[PDB]
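Single-structure report; data block below.
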Amino acid sequence: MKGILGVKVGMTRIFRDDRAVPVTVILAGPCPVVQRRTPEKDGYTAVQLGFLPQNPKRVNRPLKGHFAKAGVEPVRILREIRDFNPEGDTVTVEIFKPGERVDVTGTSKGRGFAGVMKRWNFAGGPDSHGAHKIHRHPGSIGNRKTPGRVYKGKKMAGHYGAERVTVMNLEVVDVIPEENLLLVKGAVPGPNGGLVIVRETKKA
Amino acid sequence: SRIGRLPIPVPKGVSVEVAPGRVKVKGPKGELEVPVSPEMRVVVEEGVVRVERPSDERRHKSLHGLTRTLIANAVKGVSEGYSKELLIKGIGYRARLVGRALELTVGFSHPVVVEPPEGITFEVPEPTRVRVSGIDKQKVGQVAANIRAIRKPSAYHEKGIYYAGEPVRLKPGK
Amino acid sequence: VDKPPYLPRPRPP
Amino acid sequence: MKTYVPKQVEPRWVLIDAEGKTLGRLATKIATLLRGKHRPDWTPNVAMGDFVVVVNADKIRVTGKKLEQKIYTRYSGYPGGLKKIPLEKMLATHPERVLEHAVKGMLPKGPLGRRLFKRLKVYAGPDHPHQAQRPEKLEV
Amino acid sequence: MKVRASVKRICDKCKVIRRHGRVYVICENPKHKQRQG
RNA sequence: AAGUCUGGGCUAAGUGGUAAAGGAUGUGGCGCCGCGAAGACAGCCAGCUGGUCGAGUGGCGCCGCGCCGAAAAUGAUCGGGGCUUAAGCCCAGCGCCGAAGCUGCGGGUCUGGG
RNA sequence: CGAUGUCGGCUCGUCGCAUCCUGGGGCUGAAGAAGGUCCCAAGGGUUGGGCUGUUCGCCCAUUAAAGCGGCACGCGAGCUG
RNA sequence: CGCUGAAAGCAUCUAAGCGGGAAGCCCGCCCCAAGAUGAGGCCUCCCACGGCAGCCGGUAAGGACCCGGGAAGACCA
Ligand SMILES: [Mg+2]
Ligand SMILES: [Mg+2]
Ligand SMILES: [Mg+2]
Ligand SMILES: [Mg+2]
Ligand SMILES: [Mg+2]
Ligand SMILES: [Mg+2]
Ligand SMILES: [Mg+2]
Ligand SMILES: [Mg+2]
Ligand SMILES: [Mg+2]
Ligand SMILES: [Mg+2]
Ligand SMILES: [Mg+2]
Ligand SMILES: [Mg+2]
Ligand SMILES: [Mg+2]
Ligand SMILES: [Mg+2]
Ligand SMILES: [Mg+2]
Ligand SMILES: [Mg+2]
Ligand SMILES: [Mg+2]
Ligand SMILES: [Mg+2]
Ligand SMILES: [Mg+2]
Ligand SMILES: [Mg+2]
Ligand SMILES: [Mg+2]
Ligand SMILES: [Mg+2]
Ligand SMILES: [Mg+2]
Ligand SMILES: [Mg+2]
Ligand SMILES: [Mg+2]
Ligand SMILES: [Mg+2]
Ligand SMILES: [Mg+2]
Ligand SMILES: [Mg+2]
Ligand SMILES: [Mg+2]
Ligand SMILES: [Mg+2]
Ligand SMILES: [Mg+2]
Ligand SMILES: [Mg+2]
Ligand SMILES: [Mg+2]
Ligand SMILES: [Mg+2]
Ligand SMILES: [Mg+2]
Ligand SMILES: [Mg+2]
Ligand SMILES: [Mg+2]
Ligand SMILES: [Mg+2]
Ligand SMILES: [Mg+2]
Ligand SMILES: [Mg+2]
Ligand SMILES: [Mg+2]
Ligand SMILES: [Mg+2]
Ligand SMILES: [Mg+2]
Ligand SMILES: [Mg+2]
Ligand SMILES: [Mg+2]
Ligand SMILES: [Mg+2]
Ligand SMILES: [Mg+2]
Ligand SMILES: [Mg+2]
Ligand SMILES: [Mg+2]
Ligand SMILES: [Mg+2]
Ligand SMILES: [Mg+2]
Ligand SMILES: [Mg+2]
Ligand SMILES: [Mg+2]
Ligand SMILES: [Mg+2]
Ligand SMILES: [Mg+2]
Ligand SMILES: [Mg+2]
Ligand SMILES: [Mg+2]
Ligand SMILES: [Mg+2]
Ligand SMILES: [Mg+2]
Ligand SMILES: [Mg+2]
Ligand SMILES: [Mg+2]
Ligand SMILES: [Mg+2]
Ligand SMILES: [Mg+2]
Ligand SMILES: [Mg+2]
Ligand SMILES: [Mg+2]
Ligand SMILES: [Mg+2]
Ligand SMILES: [Mg+2]
Ligand SMILES: [Mg+2]
Ligand SMILES: [Mg+2]
Ligand SMILES: [Mg+2]
Ligand SMILES: [Mg+2]
Ligand SMILES: [Mg+2]
Ligand SMILES: [Mg+2]
Ligand SMILES: [Mg+2]
Ligand SMILES: [Mg+2]
Ligand SMILES: [Mg+2]
Ligand SMILES: [Mg+2]
Ligand SMILES: [Mg+2]
Ligand SMILES: [Mg+2]
Ligand SMILES: [Mg+2]
Ligand SMILES: [Mg+2]
Ligand SMILES: [Mg+2]
Ligand SMILES: [Mg+2]
Ligand SMILES: [Mg+2]
Ligand SMILES: [Mg+2]
Ligand SMILES: [Mg+2]
Ligand SMILES: [Mg+2]
Ligand SMILES: [Mg+2]
Ligand SMILES: [Mg+2]
Ligand SMILES: [Mg+2]
Ligand SMILES: [Mg+2]
Ligand SMILES: [Mg+2]
Ligand SMILES: [Mg+2]
Ligand SMILES: [Mg+2]
Ligand SMILES: [Mg+2]
Ligand SMILES: [Mg+2]
Ligand SMILES: [Mg+2]
Ligand SMILES: [Mg+2]
Ligand SMILES: [Mg+2]
Ligand SMILES: [Mg+2]
Ligand SMILES: [Mg+2]
Ligand SMILES: [Mg+2]
Ligand SMILES: [Mg+2]
Ligand SMILES: [Mg+2]
Ligand SMILES: [Mg+2]
Ligand SMILES: [Mg+2]
Ligand SMILES: [Mg+2]
Ligand SMILES: [Mg+2]
Ligand SMILES: [Mg+2]
Ligand SMILES: [Mg+2]
Ligand SMILES: [Mg+2]
Ligand SMILES: [Mg+2]
Ligand SMILES: [Mg+2]
Ligand SMILES: [Mg+2]
Ligand SMILES: [Mg+2]
Ligand SMILES: [Mg+2]
Ligand SMILES: [Mg+2]
Ligand SMILES: [Mg+2]
Ligand SMILES: [Mg+2]
Ligand SMILES: [Mg+2]
Ligand SMILES: [Mg+2]
Ligand SMILES: [Zn+2]
């Protein structure tokens with residue numbers, strides 16, 4: 001397993017073999033390791049990565065201690081990669097070569113209080129023929145006296161998005177190490193400026 | 001009308017050691033342990049092994065015959081050794097050896113390669129006879145069946161992988 | 001399946 | 001004369017090797033120990049029973065075909081949320097749960113009964129972490 | 001395989017065996033193979 | 001709350017802890033014939049007989065307990081845990097527990113007799 | 001009966017399995033291919049139209065298939081009417 | 001569907017034991033999750049205050065309030 005932190009920067013298409021290929025561009029490097037989780041000390045294996053330099057004027061003392069024991073400049077984001085342990089003190093985009101397949105994790109766009117149609121793709125109600133103030137309503141939510149209740153997990157309106165999403169097996173179209181840039185084919189969760197994680201794919 | 005009480009000839013010079021719930025049989029072709037009911041008693045006589053039971057109730061009778069044959073099979077294994085022979089019938093159908101490995105060319109789009117497990121040896125005389133040989137009788141029996149499964153005898157044609165001495169009973173085509 | 005109703009379908013007071 | 005009621009005493013810690021013991025038959029005794037019904041000054045409305053440490057819970061033994069046939073069950077609240085787990089698998093994955101469930105089912109229901117179950121300390125393997133309280137070995 | 005509540009011998013070569021709590025009838029003739037159920 | 005009580009037996013299905021015709025080398029106990037140290041059933045070598053094997057074998061019926069037959073709709077369960085020479089079932093015992101029944105003690109009221 | 005709103009549709013499911021399809025089998029009067037028949041299996045799937053208020057049913061064009069039932073003949077303080 | 005194999009000299013997938021075998025079952029994938037009161041773990045920071053497991057009082061590391069906002073959002077967060 002191998003991974004990196006990054007920010008989603010935006011989308012384009014490039015040309016490759018007379019084909020237009022949609023890409024999301026990701027700024028991944030550089031991520032210094034700030035702690036290593038060990039089976040003797042932590043009970044599992046991981047690497048804590050830091051990402052994006054931070055004004056020390058904004059970093060409190062308990063945080064300052066953590067960084068210093070690693071001898072690492074103050075960083076804005078800390079995040080772990082599981083079962084990944086790089087030889088170096090620093091992880092960069094170069095761990096990925098074009099052609100590799102990756103898993104990208106981000107925070108989906110937030111739709112706030114979402115209707116039952118937007119959220120769960122319900123059909124809603126009819127728009128004419130007598131429909132009475134139920135054009136976007138969900139219909140029945142149950143049976144009658146048996147069971148006399150509503151199931152746990154009943155799809156209902158409520159918040160939607162702004163939640164952890166991972167899309168898997170994305171082609172790495174190119175990587176531009178001199179700009180800490182990764183070019184991933186297709187769509188990646190979340191807004192531009194969003195923090196994302198790039199891991200080596202789990203598919204075969 | 002009995003098997004367990006029938007004594008077991010032991011060739012020179014294979015040794016039969018006895019332990020609680022197991023007997024170890026060594027011989028000129030290897031060793032083999034035989035798990036045995038602690039209810040049964042194995043007996044080391046001269047040039048002979050006997051198994052004795054402790055009652056004439058049903059479960060004990062059943063174990064008795066089994067225990068004697070189990071040890072008898074072990075004795076023969078380390079001395080004479082065991083084998084089973086497979087005939088290959090069918091026009092395109094042949095087998096060959098690739099190292100220790102057995103390669104069946106038996107009608108699929110591909111060939112099938114069988115790996116011999118521990119204690120089992122493969123042989124290819126003609127391209128149409130295969131000898132599975134080992135000191136463990138249930139193991140030789142198994143692997144043999146395994147090989148045969150790859151392409152069981154057809155029901156309509158004298159074609160496929162056959163046991164030596166298994167009859168070719170077929171059904172007619174329309 | 002087409003059984004007869006048992007309630008008259010409500011009139012206003 | 002009114003019936004003697006005990007002031008709080010130091011509860012006894014106790015150790016039991018479960019190796020080769022019959023799940024339900026050991027459970028019965030563990031429960032009794034927990035309730036303190038072996039103590040002549042037993043009182044039904046307080047915790048005055050013993051603390052019971054058990055080792056070798058993975059080596060609990062059971063009769064019949066229960067390894068394959070005994071089924072532990074969990075409902076989650078969701079549709080189709082009944083999970084079934086056989087004895088065999090429970091031992092392979094959470095062996096202490098086997099004894100724990102058995103003893104738990106034999107304690108009273110309610111606030112005291114739940115407190116009593118908390119005084120059960122079950123472990124797979126021969127060792128336990130409670131040398132500090134120096135539990136007394138019990139032959140049951 | 002035939003599956004019935006009445007498993008019987010069909011020919012002199014049929015054989016009522018019982019394996020794994022189930023009465024089967026096996027035989028040289030494949031048609032005669034039966035499981036009780 | 002009171003027996004992990006005592007003695008003999010059956011059951012291996014968790015039967016016990018949901019059902020029928022009917023089906024079965026399940027298991028235990030009775031009984032009945034048939035064949036057989038003049039060599040029987042099985043195995044193997046010939047043509048229902050023959051040869052070496054050296055013991056038993058093969059069918060019928062009754063009894064106990066189990067097996068299948070046995071599919072239905074929210075989450076399962078013998079009340080639960082859990083129980084297998086029993087914590088199941090049959091027979092025979094000894095002891096205990098157990099109600100506002102019975103006893104002991106105290107009291108009330110009515111009725112009857114002093 | 002000092003009220004348990006009643007068919008069909010729509011919406012939203014969920015469960016059963018006597019399984020329509022897909023998966024695994026045995027028998028076949030199974031040559032192959034394709035079927036028949038029984039067994040295991042409820043994970044998923046199970047189309048769009050014409051007619052009728054219809055459920056149902058016939059019909060058109062497809063499909064791997066166009067399954068049958070329970071949930072107050074599921075669901076009117078959700079809609080229709 | 002077999003291997004080995006008695007009871008039952010044969011036979012038998014089974015009574016001891018061992019293989020193969022489903023879109024189904026358990027794990028694996030994605031998400032939630034220590035109120036998991038059985039409240040887990042690791043890194044780092046503060047520290048031994050003044051007055052008669054309690055109390056009042058000022059503090060430490062830190063937090064909140066307020067404010068500019070926000071592909072976060074009904075308010076809250
Ligand atoms: Mg590790
Ligand atoms: Mg680990
Ligand atoms: Mg590793
Ligand atoms: Mg994150
Ligand atoms: Mg809207
Ligand atoms: Mg919308
Ligand atoms: Mg959506
Ligand atoms: Mg619609
Ligand atoms: Mg619409
Ligand atoms: Mg619509
Ligand atoms: Mg519509
Ligand atoms: Mg209207
Ligand atoms: Mg209106
Ligand atoms: Mg409107
Ligand atoms: Mg609605
Ligand atoms: Mg209704
Ligand atoms: Mg209810
Ligand atoms: Mg959110
Ligand atoms: Mg992830
Ligand atoms: Mg691909
Ligand atoms: Mg692809
Ligand atoms: Mg004999
Ligand atoms: Mg003997
Ligand atoms: Mg074979
Ligand atoms: Mg009204
Ligand atoms: Mg026991
Ligand atoms: Mg015990
Ligand atoms: Mg005790
Ligand atoms: Mg035991
Ligand atoms: Mg068992
Ligand atoms: Mg539900
Ligand atoms: Mg579910
Ligand atoms: Mg179910
Ligand atoms: Mg579940
Ligand atoms: Mg109660
Ligand atoms: Mg019949
Ligand atoms: Mg007949
Ligand atoms: Mg089986
Ligand atoms: Mg046969
Ligand atoms: Mg007793
Ligand atoms: Mg059964
Ligand atoms: Mg039961
Ligand atoms: Mg039952
Ligand atoms: Mg009957
Ligand atoms: Mg009988
Ligand atoms: Mg009998
Ligand atoms: Mg003869
Ligand atoms: Mg049954
Ligand atoms: Mg059922
Ligand atoms: Mg079923
Ligand atoms: Mg129901
Ligand atoms: Mg009771
Ligand atoms: Mg008894
Ligand atoms: Mg009275
Ligand atoms: Mg009185
Ligand atoms: Mg009176
Ligand atoms: Mg008077
Ligand atoms: Mg009425
Ligand atoms: Mg009323
Ligand atoms: Mg009313
Ligand atoms: Mg009303
Ligand atoms: Mg319509
Ligand atoms: Mg459904
Ligand atoms: Mg079925
Ligand atoms: Mg049917
Ligand atoms: Mg199929
Ligand atoms: Mg199918
Ligand atoms: Mg088929
Ligand atoms: Mg075919
Ligand atoms: Mg044909
Ligand atoms: Mg044909
Ligand atoms: Mg057919
Ligand atoms: Mg039929
Ligand atoms: Mg078929
Ligand atoms: Mg299904
Ligand atoms: Mg289901
Ligand atoms: Mg369904
Ligand atoms: Mg349609
Ligand atoms: Mg028209
Ligand atoms: Mg229409
Ligand atoms: Mg119609
Ligand atoms: Mg009809
Ligand atoms: Mg009609
Ligand atoms: Mg017509
Ligand atoms: Mg088809
Ligand atoms: Mg249609
Ligand atoms: Mg139909
Ligand atoms: Mg339906
Ligand atoms: Mg339905
Ligand atoms: Mg009805
Ligand atoms: Mg219905
Ligand atoms: Mg309906
Ligand atoms: Mg209705
Ligand atoms: Mg319906
Ligand atoms: Mg309603
Ligand atoms: Mg209405
Ligand atoms: Mg309506
Ligand atoms: Mg209502
Ligand atoms: Mg066979
Ligand atoms: Mg054999
Ligand atoms: Mg044999
Ligand atoms: Mg034999
Ligand atoms: Mg077995
Ligand atoms: Mg058995
Ligand atoms: Mg197996
Ligand atoms: Mg095989
Ligand atoms: Mg699939
Ligand atoms: Mg998480
Ligand atoms: Mg916590
Ligand atoms: Mg957490
Ligand atoms: Mg605590
Ligand atoms: Mg809990
Ligand atoms: Mg914590
Ligand atoms: Mg930990
Ligand atoms: Mg200080
Ligand atoms: Mg002071
Ligand atoms: Mg203060
Ligand atoms: Mg603000
Ligand atoms: Mg937002
Ligand atoms: Mg705001
Ligand atoms: Mg605020
Ligand atoms: Zn037959």
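How things are named: the first chain in the structure tokens is A, the next is B, and so on; residues count from 1 in each chain; ligands count from 1 in the order shown.
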
Counting only C-alpha atoms (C1' of nucleotides) and all ligand atoms, what are the residues, protein, DNA or RNA alike, that approach ligand 85 to within 9 Å? I want them as a PyMOL selection string.
chain G and resi 21+64-65

Counting only C-alpha atoms (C1' of nucleotides), which residues from chain E have an atom at most 7 Å from any atom of chain G, and could you show them as a PyMOL selection string?
chain E and resi 1-2+31

Tell me, as a VMD selection string, which residues lie within 12 Å of residue 166 (chain B), counting only C-alpha atoms (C1' of nucleotides); anything in the same chain fewer than 6 positions away does not count.
chain B and resid 84 to 88 148 152 to 153 158

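Every residue of chain D with a DSSP assignment of strand (DSSP E or B), taken from the backbone, is listed as residues 13, 14, 15, 16, 17, 22, 51, 52, 53, 54, 55, 61, 71, 72, 73, 74, 75, 82, 83, 84, 85, 86, 120, 121, 122, 136 and 137 of chain D.
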
Surrounding residues as a PyMOL selection string, ligand 98, max 12 Å, only C-alpha atoms (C1' of nucleotides) and all ligand atoms:
(chain A and resi 140+142-145+148-149) or (chain G and resi 4-5+72+75-78)

Could you save those same residues with C-alpha atoms (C1' of nucleotides) as a PDB file, in the first residue's frame?
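Wrote out31.pdb, looks like this:
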```
ATOM      1  CA  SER A 140     -45.863   5.659   1.583  1.00  0.00           C
ATOM      2  CA  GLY A 142     -44.676   1.745   5.617  1.00  0.00           C
ATOM      3  CA  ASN A 143     -47.354  -0.923   5.987  1.00  0.00           C
ATOM      4  CA  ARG A 144     -50.161  -0.830   8.596  1.00  0.00           C
ATOM      5  CA  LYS A 145     -50.623  -2.468  11.978  1.00  0.00           C
ATOM      6  CA  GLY A 148     -46.807  -0.830  12.867  1.00  0.00           C
ATOM      7  CA  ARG A 149     -43.507   0.929  12.490  1.00  0.00           C
TER       8      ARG A 149
ATOM      9  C1'   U G   4     -61.180  -0.546  12.226  1.00  0.00           C
ATOM     10  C1'   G G   5     -62.510   4.523   5.147  1.00  0.00           C
ATOM     11  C1'   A G  72     -55.421  -4.718   7.486  1.00  0.00           C
ATOM     12  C1'   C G  75     -49.344   1.449   2.034  1.00  0.00           C
ATOM     13  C1'   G G  76     -56.079   7.583   1.224  1.00  0.00           C
ATOM     14  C1'   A G  77     -53.469  11.863   9.168  1.00  0.00           C
ATOM     15  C1'   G G  78     -48.781   9.745   1.474  1.00  0.00           C
TER      16        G G  78
END
```

Name all residues at most 10 Å from residue 17 (chain H) (count only C-alpha atoms (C1' of nucleotides); drop same-chain ones fewer than 4 positions away) and give them as JSON, numbers by chain.
{"B": [35, 36], "H": [4, 5]}

Would you put the residues from that selection into a file with N, CA and C atoms (P, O5', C5', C4', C3', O3' and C1' of nucleotides), as a PDB file, in the first residue's frame?
```
ATOM      1  N   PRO B  35      -3.360 -43.294  13.109  1.00  0.00           N
ATOM      2  CA  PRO B  35      -4.251 -42.966  14.220  1.00  0.00           C
ATOM      3  C   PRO B  35      -5.192 -44.128  14.506  1.00  0.00           C
ATOM      4  N   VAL B  36      -5.368 -44.412  15.788  1.00  0.00           N
ATOM      5  CA  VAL B  36      -6.040 -45.613  16.246  1.00  0.00           C
ATOM      6  C   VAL B  36      -6.894 -45.250  17.453  1.00  0.00           C
TER       7      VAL B  36
ATOM      8  P     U H   4      -9.590 -45.832  -2.792  1.00  0.00           P
ATOM      9  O5'   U H   4      -9.417 -46.068  -1.229  1.00  0.00           O
ATOM     10  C5'   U H   4      -8.125 -46.077  -0.650  1.00  0.00           C
ATOM     11  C4'   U H   4      -8.165 -45.792   0.828  1.00  0.00           C
ATOM     12  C3'   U H   4      -8.902 -46.788   1.695  1.00  0.00           C
ATOM     13  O3'   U H   4      -8.215 -47.997   1.918  1.00  0.00           O
ATOM     14  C1'   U H   4      -9.554 -44.644   2.320  1.00  0.00           C
ATOM     15  P     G H   5      -9.042 -49.368   1.883  1.00  0.00           P
ATOM     16  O5'   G H   5     -10.104 -49.208   3.054  1.00  0.00           O
ATOM     17  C5'   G H   5      -9.684 -49.077   4.401  1.00  0.00           C
ATOM     18  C4'   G H   5     -10.860 -48.986   5.330  1.00  0.00           C
ATOM     19  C3'   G H   5     -11.857 -50.118   5.232  1.00  0.00           C
ATOM     20  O3'   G H   5     -11.435 -51.276   5.915  1.00  0.00           O
ATOM     21  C1'   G H   5     -13.010 -48.057   5.285  1.00  0.00           C
TER      22        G H   5
END
```

With a cut-off of 12 Å and counting only C-alpha atoms (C1' of nucleotides), select all residues of chain B in contact with chain F and give the selection as a CSV table (one decimal) with C-alpha atoms, in the first residue's frame.
```csv
chain,number,residue,atom,x,y,z
B,1,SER,CA,-16.4,-63.9,9.0
B,2,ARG,CA,-14.0,-61.3,10.6
B,57,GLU,CA,-20.9,-54.1,21.1
B,58,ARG,CA,-21.5,-52.4,17.8
B,59,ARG,CA,-19.1,-49.4,17.8
```

Ligand 101 neighbours within 12 Å using only C-alpha atoms (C1' of nucleotides) and all ligand atoms, as a PDB file with C-alpha atoms (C1' of nucleotides), in the first residue's frame:
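Here's the written file selection22.pdb:
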```pdb
ATOM      1  CA  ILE B   3     -11.217 -58.839   9.793  1.00  0.00           C
ATOM      2  CA  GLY B  65     -11.932 -54.370  11.512  1.00  0.00           C
ATOM      3  CA  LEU B  66     -10.995 -50.858  10.464  1.00  0.00           C
ATOM      4  CA  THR B  69      -6.908 -52.964   7.954  1.00  0.00           C
ATOM      5  CA  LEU B  70      -5.539 -49.500   8.616  1.00  0.00           C
ATOM      6  CA  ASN B  73      -2.395 -51.148   4.708  1.00  0.00           C
TER       7      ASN B  73
ATOM      8  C1'   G F  43     -14.878 -63.953  -1.246  1.00  0.00           C
TER       9        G F  43
ATOM     10  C1'   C H   3     -10.681 -41.273  -1.422  1.00  0.00           C
ATOM     11  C1'   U H   4      -9.554 -44.644   2.320  1.00  0.00           C
ATOM     12  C1'   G H   5     -13.010 -48.057   5.285  1.00  0.00           C
ATOM     13  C1'   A H   6     -15.288 -51.519   8.896  1.00  0.00           C
ATOM     14  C1'   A H   8     -21.299 -57.296   7.515  1.00  0.00           C
ATOM     15  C1'   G H   9     -14.219 -62.168   4.770  1.00  0.00           C
ATOM     16  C1'   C H  10     -18.201 -59.078  -0.236  1.00  0.00           C
ATOM     17  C1'   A H  11     -20.015 -54.292  -0.788  1.00  0.00           C
ATOM     18  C1'   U H  12     -20.648 -49.386   1.300  1.00  0.00           C
TER      19        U H  12
END
```

Taking only residues of chain G that have an atom at most 10 Å from an atom of chain A, what is each one's shortest atom pair and its distance in Å to one decimal, using only C-alpha atoms (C1' of nucleotides), in chain and number order, as JSON lines?
```
{"residue": "G:10", "atom": "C1'", "partner": "A:125", "partner_atom": "CA", "distance": 7.5}
{"residue": "G:11", "atom": "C1'", "partner": "A:139", "partner_atom": "CA", "distance": 4.2}
{"residue": "G:12", "atom": "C1'", "partner": "A:140", "partner_atom": "CA", "distance": 5.0}
{"residue": "G:13", "atom": "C1'", "partner": "A:142", "partner_atom": "CA", "distance": 7.3}
{"residue": "G:14", "atom": "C1'", "partner": "A:151", "partner_atom": "CA", "distance": 8.7}
{"residue": "G:71", "atom": "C1'", "partner": "A:146", "partner_atom": "CA", "distance": 6.6}
{"residue": "G:72", "atom": "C1'", "partner": "A:144", "partner_atom": "CA", "distance": 6.6}
{"residue": "G:74", "atom": "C1'", "partner": "A:143", "partner_atom": "CA", "distance": 4.6}
{"residue": "G:75", "atom": "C1'", "partner": "A:143", "partner_atom": "CA", "distance": 5.0}
{"residue": "G:78", "atom": "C1'", "partner": "A:139", "partner_atom": "CA", "distance": 4.6}
{"residue": "G:79", "atom": "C1'", "partner": "A:131", "partner_atom": "CA", "distance": 6.0}
{"residue": "G:80", "atom": "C1'", "partner": "A:130", "partner_atom": "CA", "distance": 6.3}
{"residue": "G:81", "atom": "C1'", "partner": "A:130", "partner_atom": "CA", "distance": 9.1}
```

Please, which residues have at least one atom within 10 Å of an atom of ligand 86, using only C-alpha atoms (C1' of nucleotides) and all ligand atoms, listed as an MDAnalysis selection string?
chainID G and resid 47:49 66

Same residues, N, CA and C atoms (P, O5', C5', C4', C3', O3' and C1' of nucleotides), saved as a PDB file, in the first residue's frame:
```pdb
ATOM      1  P     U G  47     -40.046  -6.153 -15.025  1.00  0.00           P
ATOM      2  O5'   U G  47     -39.779  -5.173 -16.248  1.00  0.00           O
ATOM      3  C5'   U G  47     -38.589  -4.402 -16.308  1.00  0.00           C
ATOM      4  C4'   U G  47     -38.400  -3.772 -17.658  1.00  0.00           C
ATOM      5  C3'   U G  47     -39.596  -3.032 -18.228  1.00  0.00           C
ATOM      6  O3'   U G  47     -39.800  -1.752 -17.666  1.00  0.00           O
ATOM      7  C1'   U G  47     -38.689  -4.416 -19.894  1.00  0.00           C
ATOM      8  P     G G  48     -41.281  -1.130 -17.622  1.00  0.00           P
ATOM      9  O5'   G G  48     -41.549  -0.679 -19.122  1.00  0.00           O
ATOM     10  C5'   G G  48     -40.688   0.242 -19.768  1.00  0.00           C
ATOM     11  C4'   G G  48     -41.110   0.476 -21.193  1.00  0.00           C
ATOM     12  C3'   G G  48     -42.598   0.651 -21.413  1.00  0.00           C
ATOM     13  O3'   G G  48     -43.085   1.921 -21.058  1.00  0.00           O
ATOM     14  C1'   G G  48     -41.786  -0.865 -22.995  1.00  0.00           C
ATOM     15  P     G G  49     -44.661   2.103 -20.870  1.00  0.00           P
ATOM     16  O5'   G G  49     -45.157   2.179 -22.376  1.00  0.00           O
ATOM     17  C5'   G G  49     -46.482   1.861 -22.730  1.00  0.00           C
ATOM     18  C4'   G G  49     -46.566   1.499 -24.183  1.00  0.00           C
ATOM     19  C3'   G G  49     -47.952   1.079 -24.654  1.00  0.00           C
ATOM     20  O3'   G G  49     -48.766   2.187 -24.997  1.00  0.00           O
ATOM     21  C1'   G G  49     -46.408  -0.582 -25.261  1.00  0.00           C
ATOM     22  P     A G  66     -40.058 -15.468 -20.249  1.00  0.00           P
ATOM     23  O5'   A G  66     -41.224 -14.384 -20.264  1.00  0.00           O
ATOM     24  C5'   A G  66     -42.140 -14.251 -19.182  1.00  0.00           C
ATOM     25  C4'   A G  66     -41.616 -13.306 -18.129  1.00  0.00           C
ATOM     26  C3'   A G  66     -42.592 -12.244 -17.630  1.00  0.00           C
ATOM     27  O3'   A G  66     -42.384 -12.032 -16.236  1.00  0.00           O
ATOM     28  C1'   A G  66     -40.655 -11.209 -18.457  1.00  0.00           C
TER      29        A G  66
END
```

What does the list of residues within 8 Å of ligand 4 look like if you count only C-alpha atoms (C1' of nucleotides) and all ligand atoms, written as a PDB file with C-alpha atoms, in the first residue's frame?
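Once written, out02.pdb looks like this:
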```pdb
ATOM      1  CA  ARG A  79      -3.362  12.396   7.888  1.00  0.00           C
ATOM      2  CA  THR A 105     -10.754   9.979  -1.391  1.00  0.00           C
ATOM      3  CA  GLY A 106     -12.246  13.417  -0.833  1.00  0.00           C
ATOM      4  CA  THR A 107     -15.149  15.177   0.822  1.00  0.00           C
ATOM      5  CA  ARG A 164     -16.331  10.864   2.842  1.00  0.00           C
ATOM      6  CA  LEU A 195      -8.286  18.120   0.421  1.00  0.00           C
ATOM      7  CA  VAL A 196      -8.009  14.666  -1.180  1.00  0.00           C
ATOM      8  CA  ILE A 197      -6.122  11.447  -0.523  1.00  0.00           C
TER       9      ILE A 197
END
```

As a PyMOL selection string, please: the residues near residue 137 (chain D) (cut-off 7 Å, only C-alpha atoms (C1' of nucleotides), same-chain neighbours under 2 positions excluded).
chain D and resi 14-16+135+139

Counting only C-alpha atoms (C1' of nucleotides), a student should be able to say which residues of chain D come within 12 Å of chain G; what is the right answer, written as a list in words?
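On the chain D side, the interface is residues 78, 79 and 80 of chain D.
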
Output the contact residues of chain E with respect to chain H at a cut-off of 10 Å, based on only C-alpha atoms (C1' of nucleotides), as a ChimeraX atom specification.
/E:15-20,26

Please provide the set of residues having any atom within 8 Å of residue 25 (chain E), restricted to only C-alpha atoms (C1' of nucleotides), with same-chain residues fewer than 5 positions apart removed, written as a list in words.
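Listed by chain and then number, they are residues 7, 8, 9, 14, 15, 16, 17, 32, 33, 34 and 35 of chain E.
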
What do you get as a VMD selection string if you pick all residues at most 9 Å from ligand 80, counting only C-alpha atoms (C1' of nucleotides) and all ligand atoms?
chain G and resid 49 to 52
